[PDB]
Each structure stands twice: as structure tokens, then as C-alpha cells.
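Undergrad: Supplied structure: coords_19.cif, mmCIF, C-alpha atoms and all ligand atoms.
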data_target
#
loop_
_atom_site.group_PDB
_atom_site.id
_atom_site.type_symbol
_atom_site.label_atom_id
_atom_site.label_comp_id
_atom_site.auth_asym_id
_atom_site.auth_seq_id
_atom_site.Cartn_x
_atom_site.Cartn_y
_atom_site.Cartn_z
ATOM 1 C CA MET H 105 -6.329 -12.648 -3.622
ATOM 2 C CA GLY H 106 -5.015 -9.272 -4.814
ATOM 3 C CA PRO H 107 -1.811 -7.472 -5.838
ATOM 4 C CA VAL H 108 1.229 -7.870 -3.563
ATOM 5 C CA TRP H 109 4.795 -6.740 -3.822
ATOM 6 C CA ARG H 110 6.960 -9.732 -4.901
ATOM 7 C CA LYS H 111 10.145 -8.392 -3.387
ATOM 8 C CA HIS H 112 11.322 -7.597 0.138
ATOM 9 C CA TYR H 113 13.247 -4.338 -0.423
ATOM 10 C CA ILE H 114 10.747 -1.542 -1.160
ATOM 11 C CA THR H 115 11.705 2.102 -1.896
ATOM 12 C CA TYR H 116 9.749 5.263 -1.255
ATOM 13 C CA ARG H 117 10.295 8.853 -2.209
ATOM 14 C CA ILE H 118 8.741 12.041 -0.867
ATOM 15 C CA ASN H 119 7.809 13.941 -4.047
ATOM 16 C CA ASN H 120 6.940 17.192 -2.157
ATOM 17 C CA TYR H 121 6.483 18.370 1.407
ATOM 18 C CA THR H 122 3.423 19.898 2.963
ATOM 19 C CA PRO H 123 3.981 23.409 4.294
ATOM 20 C CA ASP H 124 1.804 22.445 7.276
ATOM 21 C CA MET H 125 4.712 20.724 9.039
ATOM 22 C CA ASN H 126 8.460 20.962 9.654
ATOM 23 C CA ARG H 127 10.260 19.017 6.903
ATOM 24 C CA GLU H 128 12.037 16.768 9.460
ATOM 25 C CA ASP H 129 8.632 15.945 10.942
ATOM 26 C CA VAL H 130 7.235 14.908 7.549
ATOM 27 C CA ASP H 131 10.301 12.664 7.066
ATOM 28 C CA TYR H 132 9.929 11.133 10.552
ATOM 29 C CA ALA H 133 6.165 10.622 10.285
ATOM 30 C CA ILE H 134 6.387 8.745 7.008
ATOM 31 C CA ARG H 135 9.407 6.785 8.151
ATOM 32 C CA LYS H 136 7.676 5.723 11.317
ATOM 33 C CA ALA H 137 4.618 4.706 9.346
ATOM 34 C CA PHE H 138 6.640 2.383 7.095
ATOM 35 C CA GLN H 139 8.300 0.984 10.305
ATOM 36 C CA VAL H 140 4.910 -0.021 11.633
ATOM 37 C CA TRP H 141 4.453 -2.446 8.743
ATOM 38 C CA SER H 142 8.100 -3.587 8.473
ATOM 39 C CA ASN H 143 7.905 -4.522 12.150
ATOM 40 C CA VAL H 144 5.405 -7.336 11.351
ATOM 41 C CA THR H 145 6.609 -8.469 7.916
ATOM 42 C CA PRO H 146 9.888 -9.322 6.089
ATOM 43 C CA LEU H 147 9.606 -6.034 4.215
ATOM 44 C CA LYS H 148 12.309 -3.403 4.306
ATOM 45 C CA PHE H 149 11.663 0.187 3.267
ATOM 46 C CA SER H 150 14.345 2.662 2.139
ATOM 47 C CA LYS H 151 13.879 6.339 1.381
ATOM 48 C CA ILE H 152 15.407 7.545 -1.883
ATOM 49 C CA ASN H 153 15.811 11.114 -3.030
ATOM 50 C CA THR H 154 16.056 10.640 -6.778
ATOM 51 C CA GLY H 155 15.024 8.080 -9.262
ATOM 52 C CA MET H 156 11.899 5.952 -9.459
ATOM 53 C CA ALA H 157 10.616 4.692 -6.113
ATOM 54 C CA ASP H 158 8.074 1.961 -5.632
ATOM 55 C CA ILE H 159 5.995 4.199 -3.416
ATOM 56 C CA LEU H 160 5.787 7.893 -4.309
ATOM 57 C CA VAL H 161 4.459 10.025 -1.462
ATOM 58 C CA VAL H 162 2.629 13.134 -2.794
ATOM 59 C CA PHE H 163 0.814 16.061 -1.164
ATOM 60 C CA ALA H 164 -1.706 17.472 -3.674
ATOM 61 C CA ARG H 165 -5.106 19.173 -3.781
ATOM 62 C CA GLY H 166 -8.274 18.731 -5.853
ATOM 63 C CA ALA H 167 -7.771 17.279 -9.281
ATOM 64 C CA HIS H 168 -4.153 16.068 -9.314
ATOM 65 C CA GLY H 169 -3.615 13.881 -12.358
ATOM 66 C CA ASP H 170 -5.125 10.593 -11.369
ATOM 67 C CA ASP H 171 -8.826 9.773 -11.664
ATOM 68 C CA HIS H 172 -9.535 10.413 -8.004
ATOM 69 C CA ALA H 173 -9.756 14.066 -7.131
ATOM 70 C CA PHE H 174 -9.554 15.364 -3.630
ATOM 71 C CA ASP H 175 -12.421 17.348 -2.160
ATOM 72 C CA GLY H 176 -10.984 20.298 -0.154
ATOM 73 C CA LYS H 177 -10.819 20.517 3.589
ATOM 74 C CA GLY H 178 -12.639 17.621 5.221
ATOM 75 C CA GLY H 179 -13.866 14.288 3.835
ATOM 76 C CA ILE H 180 -11.073 12.495 2.025
ATOM 77 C CA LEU H 181 -7.744 12.695 3.790
ATOM 78 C CA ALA H 182 -5.545 10.472 1.567
ATOM 79 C CA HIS H 183 -5.644 7.560 -0.862
ATOM 80 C CA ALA H 184 -3.171 4.983 -2.019
ATOM 81 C CA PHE H 185 -2.884 2.640 -4.982
ATOM 82 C CA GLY H 186 -2.222 -1.013 -4.435
ATOM 83 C CA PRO H 187 0.943 -2.740 -5.523
ATOM 84 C CA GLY H 188 1.797 -2.381 -9.198
ATOM 85 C CA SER H 189 4.087 -0.595 -11.615
ATOM 86 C CA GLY H 190 3.832 3.142 -12.197
ATOM 87 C CA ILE H 191 1.207 4.753 -9.954
ATOM 88 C CA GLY H 192 0.916 1.446 -8.146
ATOM 89 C CA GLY H 193 1.831 1.817 -4.530
ATOM 90 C CA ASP H 194 1.753 5.595 -4.569
ATOM 91 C CA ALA H 195 0.256 7.393 -1.614
ATOM 92 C CA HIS H 196 -1.397 10.820 -2.023
ATOM 93 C CA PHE H 197 -2.316 13.103 0.905
ATOM 94 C CA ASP H 198 -4.811 15.983 0.500
ATOM 95 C CA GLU H 199 -2.969 19.275 1.054
ATOM 96 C CA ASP H 200 -6.282 20.888 1.900
ATOM 97 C CA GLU H 201 -6.041 19.096 5.198
ATOM 98 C CA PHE H 202 -3.914 20.613 7.966
ATOM 99 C CA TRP H 203 -1.275 17.926 8.682
ATOM 100 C CA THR H 204 0.305 17.666 12.130
ATOM 101 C CA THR H 205 2.370 15.549 14.463
ATOM 102 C CA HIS H 206 -0.266 15.691 17.177
ATOM 103 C CA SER H 207 -4.084 15.557 17.822
ATOM 104 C CA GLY H 208 -4.905 18.816 16.167
ATOM 105 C CA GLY H 209 -5.610 18.911 12.500
ATOM 106 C CA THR H 210 -5.157 15.518 10.829
ATOM 107 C CA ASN H 211 -2.273 13.380 12.112
ATOM 108 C CA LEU H 212 0.060 12.591 9.254
ATOM 109 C CA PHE H 213 1.617 9.525 10.911
ATOM 110 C CA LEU H 214 -1.743 7.776 11.528
ATOM 111 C CA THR H 215 -3.035 8.597 8.060
ATOM 112 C CA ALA H 216 0.154 7.344 6.500
ATOM 113 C CA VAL H 217 -0.013 4.035 8.368
ATOM 114 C CA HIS H 218 -3.501 3.458 6.871
ATOM 115 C CA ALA H 219 -2.534 4.736 3.400
ATOM 116 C CA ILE H 220 0.596 2.519 3.372
ATOM 117 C CA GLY H 221 -1.584 -0.438 4.319
ATOM 118 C CA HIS H 222 -3.256 0.021 0.992
ATOM 119 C CA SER H 223 0.006 0.548 -0.808
ATOM 120 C CA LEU H 224 1.083 -2.888 0.487
ATOM 121 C CA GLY H 225 -2.259 -4.453 -0.696
ATOM 122 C CA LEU H 226 -4.574 -4.331 2.314
ATOM 123 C CA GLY H 227 -8.271 -3.419 1.967
ATOM 124 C CA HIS H 228 -10.464 -2.364 4.861
ATOM 125 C CA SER H 229 -11.233 -4.016 8.126
ATOM 126 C CA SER H 230 -14.682 -4.138 9.715
ATOM 127 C CA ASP H 231 -12.916 -4.136 13.155
ATOM 128 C CA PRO H 232 -13.195 -0.704 14.734
ATOM 129 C CA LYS H 233 -9.906 -1.343 16.661
ATOM 130 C CA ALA H 234 -7.954 -1.809 13.403
ATOM 131 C CA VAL H 235 -5.926 0.862 11.693
ATOM 132 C CA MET H 236 -7.356 -0.360 8.364
ATOM 133 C CA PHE H 237 -10.878 0.493 9.590
ATOM 134 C CA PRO H 238 -12.244 2.970 7.055
ATOM 135 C CA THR H 239 -12.785 5.979 9.425
ATOM 136 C CA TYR H 240 -10.043 8.186 10.837
ATOM 137 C CA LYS H 241 -9.613 8.147 14.605
ATOM 138 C CA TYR H 242 -6.911 9.938 16.543
ATOM 139 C CA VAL H 243 -5.083 7.699 19.070
ATOM 140 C CA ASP H 244 -2.009 8.720 21.118
ATOM 141 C CA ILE H 245 0.639 8.064 18.524
ATOM 142 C CA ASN H 246 3.060 7.328 21.259
ATOM 143 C CA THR H 247 1.875 3.876 22.296
ATOM 144 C CA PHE H 248 0.191 3.335 18.928
ATOM 145 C CA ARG H 249 -0.024 -0.351 18.071
ATOM 146 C CA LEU H 250 -1.439 -2.441 15.261
ATOM 147 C CA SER H 251 -4.378 -4.613 16.132
ATOM 148 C CA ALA H 252 -4.467 -8.397 15.838
ATOM 149 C CA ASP H 253 -6.671 -7.995 12.736
ATOM 150 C CA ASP H 254 -4.191 -5.682 11.059
ATOM 151 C CA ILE H 255 -1.371 -8.150 11.836
ATOM 152 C CA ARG H 256 -3.393 -11.072 10.514
ATOM 153 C CA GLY H 257 -4.127 -9.107 7.350
ATOM 154 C CA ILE H 258 -0.594 -8.093 6.432
ATOM 155 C CA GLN H 259 0.860 -11.517 7.457
ATOM 156 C CA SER H 260 -1.701 -13.142 5.158
ATOM 157 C CA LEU H 261 -0.084 -11.217 2.308
ATOM 158 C CA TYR H 262 3.573 -11.264 3.283
ATOM 159 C CA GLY H 263 4.396 -13.614 6.084
HETATM 160 CA CA CA W 301 4.671 3.374 -7.681
HETATM 161 CA CA CA W 302 -10.175 16.435 1.892
HETATM 162 CA CA CA W 303 -2.339 21.754 4.229
HETATM 163 ZN ZN ZN W 304 -4.348 10.756 -6.058
HETATM 164 ZN ZN ZN W 305 -8.580 3.128 3.448
#
Is it possible to express this structure as C-alpha cells?
Ligand SMILES: [Ca+2]
Ligand SMILES: [Ca+2]
Ligand SMILES: [Ca+2]
Ligand SMILES: [Zn+2]
Ligand SMILES: [Zn+2]
TA:
Amino acid sequence: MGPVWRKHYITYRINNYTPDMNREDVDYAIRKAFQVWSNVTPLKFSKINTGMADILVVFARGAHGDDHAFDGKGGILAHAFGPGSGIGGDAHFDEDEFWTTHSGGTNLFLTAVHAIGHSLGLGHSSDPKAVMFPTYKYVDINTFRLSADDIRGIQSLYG
């Protein structure tokens, strides 16, 4: 019923990089996360380095200029606005978390897949196998796959 992007070419921009990770690893994690959803839809995502992107990717802590403060280490890991102009689509990651490429800390790739779900208009799944389940779970990110419920969800919006 809700907001959806009404175009197939979507842009994203990385506003700032967490110091927790190698810059190339931030780039690859977010890229790979967008690929997850483009693999099952007609959407295409392109990274831009200047200008206004649809989806601004931000690492920030506490109160950071929207109405939804972060809460320090623990609890909230990230949030994302649904499709829309301005802040719509934007995905914010709590810098008080310790972001990684692996099972330690909080995996940036897995969090971004979930956050980007929301940026594309998905809500939460009650299916504990689904990436859009509300609770973070680390799974070997090599071999990661969307569930049938996640696929049904995003195809209900875009496909
Ligand atoms: Ca936006
Ligand atoms: Ca937090
Ligand atoms: Ca951090
Ligand atoms: Zn925010
Ligand atoms: Zn969520």
C-alpha cells in the first residue's frame, strides 16, 4: 500500500565513512547490499560521488538532525526512511556500533541489506528466516541468501 520508487534507476551516495572499516570495504559492503535487492527486481543502483542521490548513506551518532536519535553502543543499529523526496530513502547507521566485514562487531553488509529493504519500501517480516525480520542475526555473509518471504515482499512492490 505504501511509498515505492516510481523509477528503475536509483542512485546512492556515501555521505561519510565509518572509521571502523577500510574505505574499500565500506564501498563493497554497501554495493553488495544494493545488489541483493537488484538481483530480484528491475531496479538498478548506481553510486554517485557528488550531487543529490536518492539514497544517502550516513554514519552518525546520537541526535543527528532527524527526529530519530541513536542510542549509543547497542540497541539501534541503523534506520532508513521509505521512498520519498529529501530524506526519503536515506539510510543512517549508528557510528557507536563497531562495523565490520565479519562476525565480530555488527556486520555492515547484513545491516545494510535490511536498512535498504526499508529504503525500497519494505516493512518487517514475522518470518524469522527473513532478512526483514526485526532482530539482527549474523549469518555467513558468503552464502547469504534472501528468503522466499523477502522475495515475495520486494516483488510485490516492484516486480
Ligand atoms: Ca533521499
Ligand atoms: Ca546503537
Ligand atoms: Ca563505530
Ligand atoms: Zn537518522
Ligand atoms: Zn527494520
Undergrad: From the set H:156, H:195, H:161, H:105, which residue has the shortest atom-to-atom contact distance to residue 118 of chain H, counting all atoms listed in the file?
TA: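 So, comparing all the options, the nearest one is H:161.
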Undergrad: Since I can't run it myself right now, could you work out what the PyMOL selection byres (((not hetatm)) within 6 of (chain W and resi 302)) selects here and report it as a VMD selection string?
TA: chain H and resid 174 to 181 198 200 to 201
Undergrad: Could you tell me how far atom CA of residue 245 of chain H lies from atom CA of residue 164 of chain H, in Å and to one decimal?
TA: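 Atom-to-atom, atom CA of residue 245 of chain H and atom CA of residue 164 of chain H are spaced 24.2 Å apart.
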Undergrad: With only C-alpha atoms and all ligand atoms as the atoms that count, which of H:172, H:112, H:256, H:196 lies nearest to ligand CA 301 (chain W)?
TA: H:196
Undergrad: Skipping near chain neighbours, those fewer than 3 positions away, what residues fall within 12 Å of residue 150 of chain H using all atoms listed in the file, listed as a PyMOL selection string?
TA: chain H and resi 112-118+131+134-136+138-139+142+147+153+157-160
Undergrad: Closest to ligand CA 301 (chain W) among H:223, H:259, H:145, H:122, using only C-alpha atoms and all ligand atoms?
TA: H:223
